[PDB]
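Participant: Residue numbers (the authors' numbering): 197 to 392.
Quick one: the structure is below, and I'll ask about it shortly.
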DNA sequence: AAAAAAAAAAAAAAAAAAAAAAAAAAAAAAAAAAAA
């Protein structure tokens with residue numbers, strides 16, 4: 197696993213679809229068939245902290261694991277680590293990469309990532325701008341895409357209602373960009389008039 | 001009974017510095033062009 201993680205550092209390798217797909221499936225088989233859900237998650241966290249272009253790779257790997265390899269525990273642990281992660285006041289690429297990863301994951305698999313959203317909400321208290329915007333955007337996309345399945349709404353009424361109430365309360369903030377993200381999320385929610 | 005010498009108004013240029021107008025840095029949204 198280590199040599200492929202080192203080779204993933206350079207950007208042009210990530211752009212090609214075949215190699216990215218092969219690395220995604222090999223990482224999925226490593227996580228599922230051979231366990232070791234601790235080294236791989238730490239490597240992904242290191243790559244996401246030190247690099248910006250690997251957020252989409254992480255989200256796609258998590259989506260592939262959730263769909264075929266039905267192992268949502270890795271995503272739960274990654275989200276918990278993101279919630280408990282601390283950033284310095286000097287670096288800004290780390291929070292931006294985290295934000296991009298959360299946005300892509302919310303675009304990919306709302307349902308798996310919704311389970312740990314209760315601990316993710318605790319990250320909203322951070323003074324970081326991009327992370328707050330990403331949390332708002334992720335909440336909006338999760339509640340918009342989960343709207344299509346009635347079973348998902350029925351089974352998860354309490355937390356989706358809490359998330360919508362928090363989004364409504366987030367209409368006032370020091371950052372205008374967080375307010376803009378909240379308004380965009382509300383627009384995505386109200387794009388359909390069948391329910392709510 | 002002119003002639004040096006000291007005291008005193010009058011007057012150039014010179015040095016000074018923090019406060020305000022103006023310009024650059026950083027993150028994000030919108031518009032146009034290229035690749036699939």
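Every residue, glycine too, gets a C-beta built ideally from N, C-alpha and C.
#1: Could you tell me which of 375, 198, 223, 277 sits nearest to residue 312, measuring between CA atoms?
#2: Apart from the five residues on each side of it in sequence, which residues of its chain come closer than 7 Å, Cβ to Cβ, to residue 326?
#3: Keeping to the same chain, check which residues put their C-beta closer than 8 Å to that of residue 304; ignore five residues upstream and five downstream.
#4: Tell me which residue opens and which closes the alpha helix (DSSP H) that residue 201 is part of.
#5: Between which residues of its own chain and residue 335 is the CB-CB distance below 7 Å, once the five residues before and five after are set aside?
#6: Count the other C-beta atoms from every protein chain shown that fall within 10 angstroms of the C-beta of residue 262, then say buried if there are 16 or more, exposed otherwise.
#7: Check residue 297 in the structure and name its three-state DSSP category.
#8: Look up residue 338 in the DSSP assignment and say whether it is helix, strand or coil.
#9: Looking only at C-alpha atoms, which of 390, 252, 231, 289 sits nearest to residue 265?
#10: Following the continuous alpha helix (DSSP H) through residue 279, name the residue where it begins and the one where it ends.
#11: May I ask you to report which of helix, strand or coil DSSP gives residue 352?
#12: Classify residue 343 as helix, strand or coil using the three-state DSSP reduction.
#13: Can you give me the start and stop residues for the alpha helix (DSSP H) that residue 311 sits inside?
#14: Figure out for me which residue from 378, 270, 319 has the closest Cα to the Cα of residue 283.
#15: Nearest-angstrom Cα distance between residue 306 and residue 368?
#16: Check residue 212 in the structure and name its three-state DSSP category.
#17: Would you tell me roughly how many angstroms separate the C-alpha atoms of residue 222 and residue 389, rounded to the nearest one?
#18: What number of angstroms, rounded off, separates the C-alpha of residue 242 from the C-alpha of residue 233?
#19: Check whether the Cβ atoms of residue 201 and residue 239 sit closer than 8 Å, and answer yes or no.
#20: Using the beta-carbon count (16 or more within 10 Å), is residue 386 buried or exposed?
Facilitator: Answer, in terms of the structure:
#1: 277
#2: 291, 292, 295
#3: 255, 256, 258, 259
#4: 198-203
#5: 359, 363, 381
#6: buried
#7: helix
#8: helix
#9: 231
#10: 269-280
#11: coil
#12: helix
#13: Taken as a continuous stretch (DSSP letters only), residue 311 belongs to no alpha helix (DSSP H), as it is neither H nor E.
#14: 319
#15: 25 Å
#16: coil
#17: 43 Å
#18: 14 Å
#19: yes
#20: exposed
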